[PDB]
Number of protein chains: 6
Amino acid sequence: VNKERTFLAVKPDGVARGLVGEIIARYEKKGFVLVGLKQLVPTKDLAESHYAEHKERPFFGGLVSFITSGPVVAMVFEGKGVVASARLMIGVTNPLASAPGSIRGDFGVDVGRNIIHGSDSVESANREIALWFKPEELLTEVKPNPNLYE
Amino acid sequence: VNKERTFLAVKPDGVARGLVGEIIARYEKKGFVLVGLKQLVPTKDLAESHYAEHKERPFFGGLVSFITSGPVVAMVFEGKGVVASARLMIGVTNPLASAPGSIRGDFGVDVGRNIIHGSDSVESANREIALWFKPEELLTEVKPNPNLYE
Amino acid sequence: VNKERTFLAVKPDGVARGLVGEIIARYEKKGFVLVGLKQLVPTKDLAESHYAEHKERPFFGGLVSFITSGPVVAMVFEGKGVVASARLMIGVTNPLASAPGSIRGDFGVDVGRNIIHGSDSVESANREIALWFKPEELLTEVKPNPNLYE
Amino acid sequence: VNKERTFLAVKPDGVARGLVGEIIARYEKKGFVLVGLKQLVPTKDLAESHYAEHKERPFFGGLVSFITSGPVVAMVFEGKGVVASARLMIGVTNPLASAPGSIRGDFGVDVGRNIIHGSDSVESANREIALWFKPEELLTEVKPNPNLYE
Amino acid sequence: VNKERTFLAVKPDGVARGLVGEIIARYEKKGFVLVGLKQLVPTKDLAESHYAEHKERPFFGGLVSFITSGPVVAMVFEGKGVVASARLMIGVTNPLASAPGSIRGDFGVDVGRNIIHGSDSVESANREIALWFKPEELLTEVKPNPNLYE
Amino acid sequence: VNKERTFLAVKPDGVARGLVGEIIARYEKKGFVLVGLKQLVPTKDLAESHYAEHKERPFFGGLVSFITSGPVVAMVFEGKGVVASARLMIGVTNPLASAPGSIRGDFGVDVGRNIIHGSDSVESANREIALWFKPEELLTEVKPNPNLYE
Ligand SMILES: Nc1ncnc2c1ncn2[C@@H]1O[C@H](COP(=O)(O)OS(=O)(=O)O)[C@@H](OP(=O)(O)O)[C@H]1O
Ligand SMILES: Nc1ncnc2c1ncn2[C@@H]1O[C@H](COP(=O)(O)OS(=O)(=O)O)[C@@H](OP(=O)(O)O)[C@H]1O
């Protein structure tokens, strides 16, 4: 349904490099509605929890540290197939393998500093959202440009 | 030869969402010459005739209505391999499956409202052109940036 | 009223330099609705008539010749104070005195090749329109983004 | 000092027309740091309090309603002379009289729907900020591109 | 004559902030031809000589130091009235006072780090050019888009 | 290592069509540092040597001729995996087969005039670089945005 949602978060490197508006604009132009938005610096707790499935991976160490080394613009978009489209638009893990046109492909270079995070599945979406956003912070209703869907 | 032409038409949603300029600019930046251009509201007759090959398809119903529910910017471009290139740049039918950088992949979200139409073969081009444009409305001669071809 | 109209025409140099979409996009982004659009090569008659008020000026010679030396994308936009806003966005006669942000300021250099024409007054608007467009070629109705006006 | 801050808020039409990203990007490109950001629907109380100085003005009626008829992206930027600069970049009250390059001059058309609001004085900034943002939602420290200041 | 030239130089902050391409593109779009281009780190000797006219000015110390603290992309453009046009495009000394649309107005914030330098007069152009480019490094001939001048 | 380098060169058509700034900006946005830059007209000697590997290929004649028919903007970028990243960004030989988003895919149409050249391997990079730049013209040190690498 045209009410699917995903969790996106411009990480400390996207924020510091001034890529917040560019990244948001790409999604707005696509047709997805912003449903929640806010800036905060993640806590170790939030980072670990957010990155739970990578608990015993060599990189989990650095993920947690960096994602809490500064402000993060957390956000929630909504729209048909937003979870698949978002990831698609984001690119692939390694910015260097990301095709031009995608976020990481156009702006990224080191997997350590790959600008943004997008939920991988509606399952991780629903969890990630409920982790970063008090339900109060999300639009109870949404009306997309009528020229978007049939 | 560097004289092939394709028919393109920003559909009611492209036009209504204000994507006429961006769409044209993308092909102008590519190296193709506008040989014709015009805005109008297609008639049931033209829509049906335009969508002939999909007469007995479940969606044809909605195709003809929508493409006539408002203004359409019909246009004809020219240049080497313009037909294959236009489609590539337009993306795939479902905007969600269209790669970033393509028209439908950057601004589309529903198959029902997918912004633009490009001729799929030189065969359909020749026909589609002849349908929307009286031959008088088309450049009898063209001169592209000399820096474009060899 | 939000129904005022103006006549714009990307001249042979804007067209040849590939500035059609860029110029159209600027107006679309502003909030004005396209009401008519078409491409044609002006005839000596049309040029002279169009440039009537400059009949005995040293430059009238060249204006007429050049504006008929190639295709011209004639168009008609609509919206509140479109005639004043259009000119504003176009810039001033001499591209070099045109501030950055305007069309001529960003793209122009020689007054001889100043990319575009915009009607100077609603009076010249109403005349110019009726000169370049058979009434049939203009939308009988218009519905702008409801987010545009109050 | 390089710590001055101003309050900005993309109004319902900016948000609805999908201009959140572009607006933010313009200030990010300028050199200012986002110290706070969030989206919400203002309450009659906040709108009235926000528009206090215009209590007995004919338009105040519509100001409070509209700014509460939908989501608003409130945000706080920081940097040298940010208040005077923001306003300059925003343009003048009437979007039609706003020069190209400014926000209102590039995308606005009606005084009623003029996209964004910027604090007019450091005095109103300090107040406006304190109204929409709990001090917890604001960066306690900021570090701008070292290439920005001397 | 359409062969006047000016010396432009992206200072260390423009270079470090990644504004080289944007700045060149702005002039390329305008109509001016690149006649010389190169990246180098100014030597104290060159900075001093280049800033000769401000020898005993308070800021002279920092101008020389900063402009040699890193790579500068020196360039020479050519075109009718380029010197007055480049300056207009660059904006005014204080980036805060630069109108949106201008280089300094779109990206600068401190007078000390104001991105780029443009010759002030044809007098200074001829001089400045002769100072940073060996005559061999400048095009002996130039052919601008024929759609540019009359 | 984040110090790998590649040789890029905007060919005469990219230079003449005014794509220099756009092409540099694309790489600047990606994360790569400009380490050398300059504009020159290739001599037959250099074109031949540069195209050595295609000595007895049918197209070799035109490659050498065309690349010396005008100014070429030679440049050397630096960054982790730049050689494979630059190539990806450039697209594939036939601009018609280049995906949208890539340089050749966004602006090129003929294999003969395909805008830019990027080294194919670090082997060719080291060689090509050594051929168009005297070691003195390349930065002896580089400091990329700290928000780029881990
Ligand atoms: N090698 C390495 N070094 C550092 N950080 C890394 C590395 N591999 C993965 N990551 C980041 O951790 C998340 C891994 O998600 P993936 O599903 O892409 O894992 S994998 O790398 O593809 O195996 C994912 O973070 P988010 O995308 O922010 O969720 C990766 O970007
Ligand atoms: N010196 C000179 N040489 C060539 N062409 C010229 C010259 N002066 C004006 N024009 C063009 O003619 C129209 C004149 O309109 P203006 O009202 O601007 O006249 S004036 O030049 O300001 O006196 C106007 O054309 P449009 O803008 O296409 O209507 C000018 O661009």
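Cβ sites come from the backbone with ideal geometry, for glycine too, and all protein chains shown count toward neighbours. Each value in this text was obtained by applying a stated rule to the coordinates, not by laboratory testing.
Descriptive notes on the structure:
- Selection status of A:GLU78, out of contact with any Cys (no Cβ under 9 Å at 6 or more places or on another chain), over 19 Å from D:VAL35 (Cα atoms) and either within 14 Å of chain D (Cβ to nearest Cβ) or within 16 Å of ligand 2 (Cβ to nearest atom) (or both): yes
- Residue match in the range B:86-98 (condition: of a type in the set (S, T, N, Q) and within 29 Å of B:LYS143 (Cβ to Cβ)): no
- Total residues in the range B:27-39, condition among the basic types (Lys, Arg) and more than 8 Å from chain C (Cβ to nearest Cβ): 1
- The criterion of being within 25 Å of C:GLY18 (Cα to Cα), among the charged types (D, E, K, R) and over 12 Å from the mean Cα position of the chain (by Cα) holds for B:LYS134.
- Residue check, A:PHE107 aromatic (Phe, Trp, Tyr) and without any contact (Cβ under 8 Å) to a residue 40 or more places away in the chain: no
- Of the strands (runs of 3 or more DSSP E) lying entirely inside the range F:1-118, those containing at least 3 residues that are surrounded by 23 or more Cβ atoms within 10 Å (Cβ to Cβ) and in contact with a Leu (Cβ under 7 Å, 6 or more places away or on another chain) are F:33-40, F:72-78.
- Scanning the range A:1-42 for residues being out of contact with any helix residue (DSSP H, G or I) (no Cβ under 7 Å at 6 or more places or on another chain) and polar (S, T, N, Q) gives a total of 2.
- Taking the range C:68-82 as the range and being in contact with a helix residue (DSSP H, G or I) (Cβ under 9 Å, 6 or more places away or on another chain) and within 17 Å of C:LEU148 (Cβ to Cβ) as the test, the residues that pass are C:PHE77, C:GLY79, C:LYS80, C:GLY81, C:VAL82.
- For first residues located in the range D:1-16 and touching a residue at least 40 places away in the same chain (Cβ under 8 Å) and within 14 Å of D:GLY31 (Cβ to Cβ), partners that are in a strand (DSSP E or B) and small (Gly, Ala, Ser) and lie 6+ apart or on another chain with Cβ distances below 8 Å form the pairs D:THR6/D:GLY118.
- Residue that is nearest to the other protein chains (Cβ to nearest Cβ) [pool: residues in the range A:119-139 that are in a loop (DSSP other than H, G, I, E, B) and of a type outside the set (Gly, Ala, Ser)]: A:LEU139
- Condition check for A:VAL142: assigned to a loop (DSSP other than H, G, I, E, B) and either aromatic (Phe, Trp, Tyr) or within 14 Å of chain F (Cβ to nearest Cβ) (or both): no
This table checks each residue for (1) under 30 Å from C:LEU148 (Cα atoms); (2) of a type in the set (A, V, I, L, M, F, W, C); (3) within 14 Å of chain C (Cβ to nearest Cβ).
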site	(1), (2), (3)
B:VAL10	yes, yes, yes
B:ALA25	yes, yes, yes
B:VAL41	yes, yes, yes
B:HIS54	no, no, no
B:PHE66	yes, yes, no
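- Positions within the range A:127-150 being closer than 15 Å to A:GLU4 by Cβ, touching a residue at least 24 places away in the same chain (Cβ under 8 Å) and not β-branched (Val, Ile, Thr), in sequence order: A:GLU128, A:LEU138, A:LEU139, A:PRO144, A:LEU148, A:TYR149
- Residues (among the aromatic types (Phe, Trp, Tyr), under 23 Å from E:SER102 (Cβ atoms) and more than 15 Å from the chain's Cα centre (by Cα)) located in the range E:33-87: E:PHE59, E:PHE66
- Only residues that are within 11 Å of ligand 1 (Cβ to nearest atom) and over 11 Å from A:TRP132 (Cα atoms) were counted in the range A:37-51, giving 1.
- Taken residue by residue, the range C:24-47 has at least one member that is free of Cβ contacts under 8 Å to residues at least 40 places away in the same chain, farther than 24 Å from B:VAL76 by Cα and within 15 Å of ligand 2 (Cβ to nearest atom).
- Verdict on C:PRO100 being touching a helix residue (DSSP H, G or I) at 6+ places or on another chain (Cβ under 9 Å), at negative phi and more than 14 Å from ligand 2 (Cβ to nearest atom): yes
- Apart from one condition, B:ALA99 fits all of (1) within 14 Å of chain F (Cβ to nearest Cβ); (2) touching a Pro at 6+ places or on another chain (Cβ under 6 Å); the exception is (2).
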